[PDB]
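Take a look at this one chain, the form deposited in one PDB entry, written out in structure tokens.
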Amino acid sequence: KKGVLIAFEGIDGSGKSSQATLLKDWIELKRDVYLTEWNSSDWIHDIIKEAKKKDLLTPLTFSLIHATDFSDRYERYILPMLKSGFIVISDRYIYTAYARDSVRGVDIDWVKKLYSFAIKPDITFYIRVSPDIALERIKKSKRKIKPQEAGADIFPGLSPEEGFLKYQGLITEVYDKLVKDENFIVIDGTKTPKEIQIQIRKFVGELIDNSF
């Protein structure tokens, strides 16, 4: 009957992506649902970054490019679907921008005001896990750490492993500082994917049943 916005926040390797997908799989059995990812930038993002590919951009300009691109995604896809009664699940939401931008020196209060045009999630799940554990999982999966996951732009002198630990650690600190103000539902990401999802569904089930 009413649209609902569910957000997932967590570091790379925390498993929040899997949890968002698992929740979509369950919700779609009964209701219309749309799953998106913060990382899924659109056309404005591409036009500006390509146009300025030869120039060195500042954290502030990147913050604005991302907000600009999101403002379009928001009005074009997200908000319309919510108004239509869709349940929207976002694998990483505006809080990821809060973290990525503030860790790079952009004023936190300014970034919050910048994104004030966007509605807050009905529920935000923070899949919390130590960067050390997240790293172990990535190592065991045999895949390599991406420069972005290692915050290579900030820590080019560190190995991908050390960069990951330092950078994801800073992202974790931002999320931790946002928990109380943003009413994050903190989930112990060290638990099994199944136990985590069960907890999530209990929270979401209660939410939807009381949604009318």
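Only residues modelled in both forms are compared. Residues carry their position along the shown sequence, with the first being 1. Throughout, rigid core stands for the largest set of C-alpha atoms superposing within 1.5 Å between the two forms.
Absent from the display: the form deposited in another entry. The rest refers to it.
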Task: Displaced position between the shown form and the other one, chosen from 48, 178, 158, 165 (C-alpha, 2 Å or more, rigid core) - done: 48
Task: Pair residue 117/residue 46, Cα separation in the other form versus the displayed form, closer or farther by 3 angstroms or more - done: farther
Task: Distance trend in the other form - C-alpha atoms of residue 100 and residue 48, change of 3 Å or more - done: closer
Open item on the list: Taking only residues present in both forms and a 2 angstroms threshold on CA movement, what segments of three or more in a row shift between the shown form and the other one once the core is aligned?
Closed with: 40-55, 207-209
